[PDB]
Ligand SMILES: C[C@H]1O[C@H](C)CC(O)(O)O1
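In the form deposited without the ligand, a lone chain appears below as structure tokens.
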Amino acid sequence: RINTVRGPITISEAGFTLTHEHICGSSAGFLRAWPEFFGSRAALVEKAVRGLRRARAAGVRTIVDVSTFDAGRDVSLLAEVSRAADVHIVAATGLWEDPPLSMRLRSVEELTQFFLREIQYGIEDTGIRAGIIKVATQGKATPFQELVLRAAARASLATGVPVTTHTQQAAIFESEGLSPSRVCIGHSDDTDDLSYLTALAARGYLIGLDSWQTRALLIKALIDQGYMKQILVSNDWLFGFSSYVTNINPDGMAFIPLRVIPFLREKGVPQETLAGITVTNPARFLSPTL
């Protein structure tokens, strides 16, 4: 069973899953400070529900929202849009690029307990539990970033909930006893080299990407190398979405099933492989595994 914002779900209920999406983010809060310009909360919820119902109509069944407490996560909003659009949503714990003072001073043991609190107890006073750990990294490795990755690895070891991060790191995860099949390492264009992707893929890590046709061909290259079981999919292939710039692109959150899947079909990626990367791989990733 996977923790969603409306409660636990079985593996088989997850279906077609996007694994690194952005409903919540930095900018939604300013609707509280300035609704005259940005619109009401109800209008934001309405825009989000409409976009998710279109993604649902195109075939998306589950999305993983990777916003964290320090990057604008709003799990009560996620639960409302999940119910209205009939799309499962997995919430994340973790930390973003530049966390507050009060978090930058914590030990690995303390940060582990923070992540575990949001996985085992709930987020804030909502009772909604996170189903993934997101660790956003800036650039140059720093001791605090290594500390956060270690805390995430330990929370994953305790609960079996997967970790998703950005580009070394693999030695830290293995340092802590965590199987690579619990970790998705996301790569940007500056780290897109197919050689690096296959290297991490051969060691058991899941691979994410954060033009879109050239990203899709990188995916095909990875498949052609035999690594289809290590691939996760996300609307991030179109554009580097984040808490800075959320998913709410004339295809909206339906971009993957309406544009990328037909294109991969045109390039000859077979049906069983496409079902593997959109259904089997994310279900195996999200399913808590010790």
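For the two forms, the rigid core is made up of the largest set of C-alpha atoms that agree within 1.5 Å on superposition. Just count from 1 along the sequence shown to find any residue number.
The same protein also has a form solved in complex with the ligand, omitted here; what follows describes it.
Q: Site superposed, the ligand placed from its pose in the bound PDB entry: open or blocked, blocked meaning at least 3 ligand atoms within 2.4 Å of a backbone or C-beta atom?
A: Output flag = blocked.
Q: Heavy atom within 4.5 Å of the ligand in the bound PDB entry: which of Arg182, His166, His88, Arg154?
A: The residue in contact is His166.
Q: Do all of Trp96, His187 and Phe241 end up near the ligand in the bound PDB entry, with near meaning a heavy atom within 4.5 Å?
A: Result yes, every residue of the spot touches the ligand.
Q: Taking only heavy atoms into account, state which residues of 9-40 are within 4.5 Å of the ligand in the bound PDB entry, ordered by sequence.
A: Heavy-atom contacts to the ligand in the bound PDB entry: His20, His22, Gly25.
Q: Superposing on the rigid core, is the Cα displacement of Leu222 between the shown form and the other one 2 Å or more?
A: No, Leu222 moves less than 2 Å.
Q: Quick one: core overlaid, is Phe263 moving 2 Å or more at the Cα between the shown form and the other one?
A: Comparing the forms between the shown form and the other one, which are aligned on their rigid core, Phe263 does not shift its C-alpha by 2 Å or more.
Q: Following rigid core alignment, is the displacement of the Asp193 C-alpha between the shown form and the other one equal to or greater than 2 angstroms?
A: After core superposition, the C-alpha of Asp193 moves less than 2 Å between the shown form and the other one.
Q: Shorter or longer C-alpha distance for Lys134 and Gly240 in the bound PDB entry, given it differs from this form by 3 Å or more?
A: Relative to the shown form, the pair is farther apart.
Q: Work out whether the Cα atoms of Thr62 and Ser242 come closer together or move farther apart in the bound PDB entry than they are in this form, the change being 3 angstroms or more.
A: They are farther apart; the C-alpha distance rises by 3 Å or more in the bound PDB entry.
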